[PDB]
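Enquirer: A single structure is presented below for examination.
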Amino acid sequence: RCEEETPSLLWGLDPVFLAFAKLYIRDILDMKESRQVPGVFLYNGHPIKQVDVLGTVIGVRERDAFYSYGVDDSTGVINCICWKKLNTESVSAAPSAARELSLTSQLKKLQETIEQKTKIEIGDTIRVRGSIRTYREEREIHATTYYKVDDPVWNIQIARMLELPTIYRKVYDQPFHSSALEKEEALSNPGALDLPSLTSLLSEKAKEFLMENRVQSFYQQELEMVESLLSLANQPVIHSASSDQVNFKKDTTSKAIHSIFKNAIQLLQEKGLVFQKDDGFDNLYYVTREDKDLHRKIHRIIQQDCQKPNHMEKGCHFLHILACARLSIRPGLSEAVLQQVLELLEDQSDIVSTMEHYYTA
Amino acid sequence: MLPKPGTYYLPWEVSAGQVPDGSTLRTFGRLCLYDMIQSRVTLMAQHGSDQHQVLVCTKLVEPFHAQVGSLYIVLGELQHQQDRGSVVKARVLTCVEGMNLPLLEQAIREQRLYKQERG
Amino acid sequence: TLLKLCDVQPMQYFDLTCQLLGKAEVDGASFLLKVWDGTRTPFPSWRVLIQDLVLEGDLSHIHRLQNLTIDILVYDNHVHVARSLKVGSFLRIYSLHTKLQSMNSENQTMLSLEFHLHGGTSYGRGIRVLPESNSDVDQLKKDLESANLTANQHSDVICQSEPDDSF
Amino acid sequence: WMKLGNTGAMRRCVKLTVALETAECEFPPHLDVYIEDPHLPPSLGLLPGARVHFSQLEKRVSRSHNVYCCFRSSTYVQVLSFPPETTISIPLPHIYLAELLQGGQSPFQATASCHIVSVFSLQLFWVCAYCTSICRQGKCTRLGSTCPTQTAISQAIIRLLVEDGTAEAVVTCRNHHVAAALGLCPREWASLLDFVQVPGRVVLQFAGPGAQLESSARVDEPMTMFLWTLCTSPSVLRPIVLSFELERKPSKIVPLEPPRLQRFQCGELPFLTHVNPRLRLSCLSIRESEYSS
Ligand SMILES: [Zn+2]
């Protein structure tokens with residue numbers, strides 16, 4: 001049905017996609033999985049990937065790598081999978097100085113009480129923050145964090161009971177994501193009818209494929225060969241434009257397709273996604289998104305403060321960063337890839353801009 | 001298998017037999033006594049009323065050190081005995097104190113009211 | 001066309017109008033104007049090695065503007081005009097050359113942006129003392145005032161009991 | 001002072017922060033008013049809590065795109081009411097973080113019942129009281145350069161993820177708050193600060209929730225060990241009631257860009273999604289609630 005079917009690819013515009021949604025366990029059992037791509041689940045059009053449940057343990061089985069706890073929350077019961085963790089490589093005790101005694105005894109106190117929080121018994125009150133899985137028609141929760149809840153007065157359980165209806169009404173029973181829904185309606189999908197337009201679409205699909213498959217670097221032929229990218233590069237406009245050599249259509253068309261793929265990668269270069277190291281591989285390209293070393297070294301320009309100012313100028317300017325990087329890393333380092341790396345790190349929050357073209361960690 | 005969920009019922013709903021005998025349940029009340037010789041007991045509760053009993057088995061699931069007059073939560077099943085009537089076969093039994101029982105009853109009210117409001 | 005000291009780039013020629021902070025001799029064929037336009041320099045600003053350190057101006061505050069101050073080196077015919085200018089004057093420069101350093105005298109790589117007005121009025125080089133009537137001077141003074149108020153820099157005059165106003 | 005105007009030492013400049021009154025917004029946006037020196041001393045009755053009609057103010061914007069107002073030769077001020085005799089105990093509103101993703105018509109300051117997911121980074125310093133640079137064990141590097149005498153002060157910055165069941169936000173928590181963000185007793189926090197004065201600086205940087213320490217820091221120092229273990233333990237990752245400011249002043253002037261692409265990888269399926277930029281919140285206070293675990 002037209003509104004119950006998964007909108008978009010369940011894109012993360014809806015904020016609860018990034019939340020440990022506070023559902024009822026019975027609603028966990030009522031969820032519908034996303035048929036477009038499995039693994040995530042739906043409630044009232046909201047995409048739900050993670051949940052936070054509170055209840056009590058009423059069943060236990062221990063395996064090698066995980067405990068399995070049957071957790072009851074009045075409305076239903078579900079199995080929770082909890083990975084075990086050892087206190088490996090713990091620190092030795094010694095009659096050290098007061099500071100070392102402090103650190104060691106504090107580390108051991110923290111460890112002891114973390115285990116006291118983590119070790120679980122039947123009848124415990126339990127909280128689990130995790131994600132859903134379904135197998136053999138069973139449905140279960142994999143825990144990312146879990147801990148015993150100590151409550152001599154039942155007040156937190158009562159508060160949970162009182163809370164959940166209100167948050168449901170305020171949020172989860174809201175039947176809408178209400179995005180701008182900027183649907184293109186597949187206009188000009190079967191035929192771009194223009195070589196630059198087709199090149200742009202090829203570049204878009206190329207970056208999609210590249211970051212889908214986590215491609216760090218590639219020879220151009222390794223991307224040209226992709227059957228879907230070829231199924232896009234084979235559109236009628238380029239074929240017809242190549243067909244002038246009727247006696248050699250294969251040669252002209254293959255060369256034209258190589259050319260349009262080089263043009264798409266050139267677009268991605270000018271927009272700063274891919275670059276070439278000094279390696280002699282004329283058609284090998286590397287993607288900014290994956291050069292961890294470049295990130296780190298850029299990060300050492302302003303996490304470790306810029307070394308050249310004699311005054312302690314908090315951060316560094318974009319052009320000053322760029323000159324420092326070109327002198328210390330690569331004189332041919334493009335401004336586009338540097339901008340992309342900075343914006344990326346800021347998305348990570350490894351860097352923050354203070355103002356236009358000024359940055360600091 | 002996972003046991004069927006022990007949904008909250010008030011002592012008056014077992015008193016009225018509204019919860020069917022043999023079904024899973026969770027309920028509350030002040031442990032009135034502690035028959036250890038027969039592992040039988042009562043969990044008295046009043047709600048605008050005189051106190052009414054709550055028979056519950058207690059042979060194994062928890063040899064609790066708590067005492068008479070303390071409040072308790074019990075979860076499991078209830079089943080008929082000819083002399084004893086319906087008696088709770090507890091799967092979990094735990095003590096609590098200082099609990100705002102009127103607010104707990106209101107919380108159950110809100111939960112079941114939302115369940116109603118939910119299609 | 002107006003262009004600000006925050007916009008400058010490594011190897012260029014510009015106007016870069018500014019307020020004059022101080023002056024000094026540099027050589028028989030070069031002279032110093034210390035200036036600012038209120039905007040933040042992109043590279044660390046250039047500093048002139050000079051024949052005597054006692055410049056003209058209220059140095060006891062000019063040094064507090066450090067990061068926004070710039071040293072301008074004017075060479076030949078421009079000097080006899082520069083030597084006459086008063087402290088705090090609003091000033092325009094014509095075809096001021098801009099030149100990035102990348103190395104120092106110890107052969108360490110370091111970055112700072114030089115500014116030069118080479119000899120002769122060729123390519124339009126020169127200077128112009130601005131009158132307070134023009135909206136360009138109003139804009140210069142206004143940007144200075146704004147940079148002073150919404151400054152967010154570390155406060156000087158740590159001996160905060162020093163002023164006593166017009167005592 | 002007196003960079004262009006000759007009025008040197010004309011008394012110190014004065015800065016007012018005022019809550020606008022209007023029916024156009026449910027929430028009054030705060031604003032800064034600067035009284036530059038030729039108007040000093042200010043008019044009588046400009047006191048906290050005084051309702052004041054400001055007229056003919058000069059509206060101005062910084063290079064950093066911050067709106068602030070300033071007095072001019074036509075600026076005229078008129079007090080409408082005196083301060084109240086007793087300060088009003090106004091509690092901040094309580095809202096779910098999803099409300100702030102709605103954009104406009106969402107409050108500037110609020111409280112939330114969130115849960116700490118992970119810790120990104122953590123810095124501790126000891127800097128000199130007279131000059132903002134590091135001062136290990138009181139060994140000031142600026143001594144004599146404006147710095148008259150050596151004495152040191154502690155400072156701390158921490159970054160958190162908080163999530164409340166509806167949305168996830170990056171909280172930047174600073175100085176005395178962090179002691180509550182980590183939950184240490186004042187005694188233990190004091191002891192920790194006192195020890196770290198030996199190296200004078202401690203920096204940690206985490207790869208993510210439950211992940212290892214990043215190469216900006218090292219496994220060698222036991223200090224780093226203790227700290228890293230704490231910042232990934234259920235002793236920190238706990239429920240709280242946060243109170244925060246939205247990191248950007250309440251205004252319509254903010255720049256804008258489309259939702260970005262992010263390539264998730266869940267259940268071994270590649271998910272490519274449009275996603276919003278994360279909320280950034282400045283902490284105001286941290287408190288435990290219901291002593292929940
Ligand atoms: Zn100092």
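Scheme for the structure tokens: letters A, B, ... for chains in order shown; per-chain residue numbers from 1; ligand numbers from 1 in order shown.
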If the cut-off is 6 Å, can you tell me the residues of chain C near chain A, counting only C-alpha atoms? I'd like them as a PyMOL selection string.
Expert: chain C and resi 42-43+110
Enquirer: Write the residues of the preceding selection, restricted to N, CA and C atoms, as a PDB file, in the first residue's frame.
Expert:
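And here's again21.pdb as it stands now:
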ATOM      1  N   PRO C  42      45.430  36.313   6.345  1.00  0.00           N
ATOM      2  CA  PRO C  42      45.345  34.856   6.149  1.00  0.00           C
ATOM      3  C   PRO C  42      46.626  34.134   6.546  1.00  0.00           C
ATOM      4  N   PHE C  43      47.777  34.596   6.043  1.00  0.00           N
ATOM      5  CA  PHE C  43      49.070  34.132   6.529  1.00  0.00           C
ATOM      6  C   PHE C  43      49.550  35.026   7.665  1.00  0.00           C
ATOM      7  N   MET C 110      59.056  28.368   6.465  1.00  0.00           N
ATOM      8  CA  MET C 110      58.028  29.064   7.229  1.00  0.00           C
ATOM      9  C   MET C 110      57.325  30.046   6.300  1.00  0.00           C
TER      10      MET C 110
END
Enquirer: Quick check for you: according to DSSP on this backbone, which residues of stretch 20-99 of chain A are classed as alpha helix (DSSP H)? Reply as a list in words.
Expert: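 Reading the DSSP output for stretch 20-99 of chain A, alpha helix (DSSP H) covers residues 25, 26, 27, 28, 29, 30, 98 and 99 of chain A.
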Enquirer: Calculate how many Å separate atom CA of residue D:162 from atom CA of residue D:104, rounding to one decimal.
Expert: 21.6 Å
Enquirer: Could you report the residues within 9 Å of ligand 1, using only C-alpha atoms and all ligand atoms, as a ChimeraX atom specification?
Expert: /D:127-135,138-152
Enquirer: Store the residues picked out above, limited to N, CA and C atoms, as a PDB file, in the first residue's frame.
Expert:
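Done, and the output landed in out-v9.pdb:
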ATOM      1  N   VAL D 127      46.909  26.017  32.798  1.00  0.00           N
ATOM      2  CA  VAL D 127      47.407  27.207  32.121  1.00  0.00           C
ATOM      3  C   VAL D 127      47.673  28.288  33.160  1.00  0.00           C
ATOM      4  N   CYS D 128      48.508  29.256  32.785  1.00  0.00           N
ATOM      5  CA  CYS D 128      48.917  30.293  33.721  1.00  0.00           C
ATOM      6  C   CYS D 128      47.794  31.301  33.926  1.00  0.00           C
ATOM      7  N   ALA D 129      47.618  31.738  35.174  1.00  0.00           N
ATOM      8  CA  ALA D 129      46.492  32.606  35.504  1.00  0.00           C
ATOM      9  C   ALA D 129      46.552  33.926  34.746  1.00  0.00           C
ATOM     10  N   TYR D 130      47.756  34.429  34.475  1.00  0.00           N
ATOM     11  CA  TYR D 130      47.906  35.727  33.825  1.00  0.00           C
ATOM     12  C   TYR D 130      47.932  35.645  32.305  1.00  0.00           C
ATOM     13  N   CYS D 131      48.132  34.459  31.736  1.00  0.00           N
ATOM     14  CA  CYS D 131      48.318  34.328  30.297  1.00  0.00           C
ATOM     15  C   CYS D 131      47.901  32.929  29.868  1.00  0.00           C
ATOM     16  N   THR D 132      47.142  32.847  28.773  1.00  0.00           N
ATOM     17  CA  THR D 132      46.515  31.592  28.351  1.00  0.00           C
ATOM     18  C   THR D 132      47.496  30.753  27.528  1.00  0.00           C
ATOM     19  N   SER D 133      48.405  30.095  28.246  1.00  0.00           N
ATOM     20  CA  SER D 133      49.248  29.058  27.667  1.00  0.00           C
ATOM     21  C   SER D 133      49.620  28.071  28.766  1.00  0.00           C
ATOM     22  N   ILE D 134      50.055  26.880  28.346  1.00  0.00           N
ATOM     23  CA  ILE D 134      50.208  25.774  29.283  1.00  0.00           C
ATOM     24  C   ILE D 134      51.301  26.095  30.294  1.00  0.00           C
ATOM     25  N   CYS D 135      51.128  25.585  31.525  1.00  0.00           N
ATOM     26  CA  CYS D 135      52.015  25.878  32.647  1.00  0.00           C
ATOM     27  C   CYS D 135      52.189  24.598  33.476  1.00  0.00           C
ATOM     28  N   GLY D 138      53.444  24.648  37.204  1.00  0.00           N
ATOM     29  CA  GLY D 138      53.716  26.044  37.478  1.00  0.00           C
ATOM     30  C   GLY D 138      54.884  26.631  36.720  1.00  0.00           C
ATOM     31  N   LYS D 139      55.471  25.888  35.783  1.00  0.00           N
ATOM     32  CA  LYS D 139      56.604  26.366  34.990  1.00  0.00           C
ATOM     33  C   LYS D 139      56.051  27.132  33.795  1.00  0.00           C
ATOM     34  N   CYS D 140      55.852  28.435  33.979  1.00  0.00           N
ATOM     35  CA  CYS D 140      55.233  29.252  32.942  1.00  0.00           C
ATOM     36  C   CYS D 140      56.229  29.539  31.826  1.00  0.00           C
ATOM     37  N   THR D 141      55.788  29.353  30.580  1.00  0.00           N
ATOM     38  CA  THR D 141      56.632  29.651  29.429  1.00  0.00           C
ATOM     39  C   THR D 141      56.589  31.128  29.055  1.00  0.00           C
ATOM     40  N   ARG D 142      55.532  31.841  29.449  1.00  0.00           N
ATOM     41  CA  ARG D 142      55.398  33.263  29.149  1.00  0.00           C
ATOM     42  C   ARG D 142      55.999  34.164  30.220  1.00  0.00           C
ATOM     43  N   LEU D 143      56.619  33.600  31.255  1.00  0.00           N
ATOM     44  CA  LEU D 143      57.064  34.390  32.398  1.00  0.00           C
ATOM     45  C   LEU D 143      57.934  35.556  31.951  1.00  0.00           C
ATOM     46  N   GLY D 144      57.561  36.761  32.383  1.00  0.00           N
ATOM     47  CA  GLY D 144      58.240  37.981  32.009  1.00  0.00           C
ATOM     48  C   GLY D 144      57.677  38.650  30.771  1.00  0.00           C
ATOM     49  N   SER D 145      57.173  37.867  29.817  1.00  0.00           N
ATOM     50  CA  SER D 145      56.549  38.406  28.608  1.00  0.00           C
ATOM     51  C   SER D 145      55.094  38.742  28.934  1.00  0.00           C
ATOM     52  N   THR D 146      54.911  39.919  29.538  1.00  0.00           N
ATOM     53  CA  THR D 146      53.623  40.400  30.041  1.00  0.00           C
ATOM     54  C   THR D 146      53.203  39.652  31.306  1.00  0.00           C
ATOM     55  N   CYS D 147      53.496  38.351  31.383  1.00  0.00           N
ATOM     56  CA  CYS D 147      53.208  37.545  32.563  1.00  0.00           C
ATOM     57  C   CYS D 147      54.045  38.018  33.750  1.00  0.00           C
ATOM     58  N   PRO D 148      53.431  38.587  34.808  1.00  0.00           N
ATOM     59  CA  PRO D 148      54.237  39.127  35.916  1.00  0.00           C
ATOM     60  C   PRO D 148      54.731  38.082  36.910  1.00  0.00           C
ATOM     61  N   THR D 149      53.988  36.991  37.081  1.00  0.00           N
ATOM     62  CA  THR D 149      54.291  36.003  38.109  1.00  0.00           C
ATOM     63  C   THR D 149      53.652  34.682  37.702  1.00  0.00           C
ATOM     64  N   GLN D 150      54.196  33.577  38.211  1.00  0.00           N
ATOM     65  CA  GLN D 150      53.771  32.245  37.793  1.00  0.00           C
ATOM     66  C   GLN D 150      52.790  31.659  38.807  1.00  0.00           C
ATOM     67  N   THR D 151      51.576  31.366  38.338  1.00  0.00           N
ATOM     68  CA  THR D 151      50.585  30.587  39.070  1.00  0.00           C
ATOM     69  C   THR D 151      49.616  30.015  38.044  1.00  0.00           C
ATOM     70  N   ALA D 152      49.099  28.817  38.316  1.00  0.00           N
ATOM     71  CA  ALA D 152      48.443  28.016  37.290  1.00  0.00           C
ATOM     72  C   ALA D 152      46.997  27.697  37.655  1.00  0.00           C
TER      73      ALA D 152
END
Enquirer: Can you pull out every residue within 8 Å of stretch 114-125 of chain D, counting only C-alpha atoms, but drop anything in the same chain fewer than 3 positions away, and send it as a ChimeraX atom specification?
Expert: /D:134,154-165,197,200-210,231-232,236-242
Enquirer: Give me the residues near stretch 39-50 of chain B as number ranges by chain, where near means some atom within 10 Å (using only C-alpha atoms) and where sequence neighbours in that chain fewer than 2 positions away do not count.
Expert: B: 10-12, 27-37, 52-60, 68-74, 84, 87-88, 101-102, 105
Enquirer: I'd like the neighbourhood of stretch 43-58 of chain D as a list in words, where a residue qualifies if any of its atoms comes within 8 Å (using only C-alpha atoms), though same-chain residues fewer than 3 positions away should be ignored.
Expert: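 Everything that qualifies: residues 69, 70, 71, 72, 74, 75, 76, 77, 78, 79, 80, 81, 82, 83 and 84 of chain D.
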Enquirer: Neighbouring residues of residue D:96 were defined as those with any atom within 12 Å, considering only C-alpha atoms; residues of the same chain fewer than 6 positions away were excluded. Please report them as a PyMOL selection string.
Expert: (chain A and resi 15-16+19+166-168+170-171) or (chain D and resi 102+106-107+110-115+162-169+241-243)
Enquirer: Find the residues of chain D that sit at most 8 Å from chain A; for each, write down the nearest two atoms and how far apart they are in Å, to one decimal. Count only C-alpha atoms. Sort by chain, then by number going up, and give it as CSV.
Expert:
residue,atom,partner,partner_atom,distance
D:64,CA,A:355,CA,6.0
D:98,CA,A:15,CA,6.5
D:101,CA,A:15,CA,7.7
D:163,CA,A:19,CA,6.4
D:164,CA,A:19,CA,7.1
D:165,CA,A:21,CA,4.4
D:166,CA,A:16,CA,4.8
D:167,CA,A:15,CA,5.2
D:168,CA,A:19,CA,6.1
D:195,CA,A:99,CA,6.8
D:222,CA,A:103,CA,7.5
D:223,CA,A:103,CA,7.1
D:226,CA,A:107,CA,5.7
D:229,CA,A:107,CA,7.9
D:230,CA,A:110,CA,7.3
D:233,CA,A:114,CA,7.1
D:234,CA,A:114,CA,6.8
D:235,CA,A:114,CA,7.1
D:259,CA,A:13,CA,7.9
D:263,CA,A:212,CA,6.8
D:266,CA,A:39,CA,7.3
D:267,CA,A:39,CA,6.0
D:269,CA,A:37,CA,7.5
D:270,CA,A:212,CA,6.2
D:271,CA,A:212,CA,7.9
D:272,CA,A:212,CA,7.3
D:273,CA,A:11,CA,4.5
D:274,CA,A:11,CA,5.4
D:275,CA,A:12,CA,4.6
D:276,CA,A:13,CA,5.9
D:277,CA,A:347,CA,7.8
D:290,CA,A:156,CA,6.6
D:292,CA,A:156,CA,7.0
D:293,CA,A:149,CA,5.4
Enquirer: Can you spit out the residues from that selection as a tab-separated table (two decimals), in the first residue's frame, using N, CA and C atoms?
Expert:
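Result file out.tsv:
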chain	number	residue	atom	x	y	z
D	64	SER	N	31.85	37.45	11.17
D	64	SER	CA	31.43	36.09	11.46
D	64	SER	C	29.91	35.92	11.44
D	98	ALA	N	14.07	15.65	19.31
D	98	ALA	CA	13.48	15.69	17.98
D	98	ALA	C	12.85	17.05	17.69
D	101	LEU	N	15.21	19.47	15.76
D	101	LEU	CA	15.42	19.20	14.34
D	101	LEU	C	14.36	19.85	13.46
D	163	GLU	N	21.66	10.94	23.50
D	163	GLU	CA	20.54	10.45	22.71
D	163	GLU	C	19.42	10.09	23.66
D	164	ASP	N	18.19	10.47	23.31
D	164	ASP	CA	17.07	10.46	24.25
D	164	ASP	C	15.91	9.58	23.81
D	165	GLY	N	16.10	8.74	22.80
D	165	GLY	CA	15.01	7.95	22.26
D	165	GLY	C	14.33	8.56	21.05
D	166	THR	N	14.70	9.77	20.66
D	166	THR	CA	14.12	10.41	19.49
D	166	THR	C	15.20	10.97	18.57
D	167	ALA	N	16.29	11.47	19.13
D	167	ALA	CA	17.34	12.06	18.31
D	167	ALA	C	18.67	12.00	19.04
D	168	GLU	N	19.75	12.16	18.27
D	168	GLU	CA	21.11	12.06	18.76
D	168	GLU	C	21.84	13.37	18.50
D	195	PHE	N	47.00	15.35	40.07
D	195	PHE	CA	48.02	14.45	39.53
D	195	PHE	C	48.44	14.89	38.13
D	222	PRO	N	49.94	4.91	32.20
D	222	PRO	CA	48.79	4.39	32.97
D	222	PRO	C	47.70	5.42	33.20
D	223	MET	N	48.06	6.71	33.22
D	223	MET	CA	47.06	7.77	33.26
D	223	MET	C	46.05	7.58	32.13
D	226	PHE	N	43.78	4.43	32.74
D	226	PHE	CA	42.68	4.69	33.66
D	226	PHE	C	41.60	5.53	33.00
D	229	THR	N	39.63	3.66	30.11
D	229	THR	CA	38.72	2.64	30.61
D	229	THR	C	37.46	3.26	31.20
D	230	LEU	N	37.61	4.37	31.92
D	230	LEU	CA	36.44	5.04	32.50
D	230	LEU	C	35.51	5.55	31.40
D	233	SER	N	33.07	2.99	30.00
D	233	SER	CA	32.44	2.12	30.97
D	233	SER	C	31.02	2.56	31.25
D	234	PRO	N	30.15	1.64	31.71
D	234	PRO	CA	28.81	2.04	32.17
D	234	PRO	C	28.82	2.98	33.37
D	235	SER	N	30.00	3.31	33.89
D	235	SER	CA	30.08	4.31	34.94
D	235	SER	C	29.94	5.72	34.39
D	259	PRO	N	20.95	18.15	3.02
D	259	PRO	CA	21.34	16.98	3.82
D	259	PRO	C	22.40	16.16	3.10
D	263	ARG	N	27.18	6.61	4.17
D	263	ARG	CA	27.14	5.24	3.68
D	263	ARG	C	27.26	4.29	4.87
D	266	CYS	N	25.11	-2.02	7.72
D	266	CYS	CA	24.41	-2.74	8.77
D	266	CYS	C	23.91	-4.08	8.24
D	267	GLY	N	24.08	-5.12	9.04
D	267	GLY	CA	23.69	-6.46	8.62
D	267	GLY	C	24.40	-6.92	7.37
D	269	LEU	N	24.65	-5.27	4.79
D	269	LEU	CA	24.04	-4.58	3.66
D	269	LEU	C	24.53	-3.15	3.60
D	270	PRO	N	24.99	-2.65	2.45
D	270	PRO	CA	25.35	-1.23	2.35
D	270	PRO	C	24.10	-0.36	2.23
D	271	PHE	N	23.94	0.55	3.18
D	271	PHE	CA	22.85	1.52	3.17
D	271	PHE	C	23.43	2.89	2.84
D	272	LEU	N	22.91	3.52	1.79
D	272	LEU	CA	23.30	4.87	1.40
D	272	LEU	C	22.09	5.79	1.60
D	273	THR	N	22.25	6.79	2.47
D	273	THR	CA	21.12	7.58	2.93
D	273	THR	C	21.46	9.06	2.95
D	274	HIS	N	20.47	9.89	2.64
D	274	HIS	CA	20.52	11.30	3.01
D	274	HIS	C	20.27	11.43	4.50
D	275	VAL	N	21.04	12.30	5.16
D	275	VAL	CA	20.96	12.42	6.61
D	275	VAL	C	21.23	13.87	7.00
D	276	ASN	N	20.63	14.29	8.12
D	276	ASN	CA	20.77	15.66	8.60
D	276	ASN	C	22.14	15.85	9.26
D	277	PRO	N	22.65	17.08	9.28
D	277	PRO	CA	23.80	17.38	10.13
D	277	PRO	C	23.43	17.27	11.60
D	290	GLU	N	16.50	9.96	39.02
D	290	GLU	CA	16.00	8.73	39.63
D	290	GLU	C	17.12	7.79	40.05
D	292	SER	N	19.06	6.35	38.29
D	292	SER	CA	18.87	5.22	37.40
D	292	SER	C	20.21	4.57	37.09
D	293	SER	N	20.46	3.40	37.68
D	293	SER	CA	21.73	2.68	37.55
D	293	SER	C	22.94	3.60	37.71
Enquirer: Which of these, B:25, B:66, B:113, B:75, has the shortest distance to residue B:95 once you count only C-alpha atoms?
Expert: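 Between B:25, B:66, B:113, B:75, the residue approaching residue B:95 most closely is B:66.
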Enquirer: Please identify every residue of chain D that has at least one atom no more than 10 Å from any atom of chain C, counting only C-alpha atoms, and report them as number ranges by chain.
Expert: D: 1-13, 15, 34-36, 60-64, 66-68, 70, 130-132, 146-148
Enquirer: Using only C-alpha atoms, which of the listed residues (B:82, B:24, B:15, B:38) sits closest to chain A?
Expert: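 Once distances to chain A are computed over only C-alpha atoms, the minimum belongs to B:24.
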Enquirer: Grab the atom CA of residue D:183 to atom CA of residue A:66 distance for me, in Å with one decimal place.
Expert: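 These atoms are spaced 29.4 Å apart.
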Enquirer: Please identify every residue of chain B that has at least one atom no more than 7 Å from any atom of chain A, counting only C-alpha atoms, and report them as a ChimeraX atom specification.
Expert: /B:2,4-8,92,96-99,104,107,110-111,114
Enquirer: Counting only C-alpha atoms, which of C:73, C:50, C:117, C:96 gets nearest to residue C:14?
Expert: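 The shortest atom-to-atom distance to residue C:14 comes from C:96.
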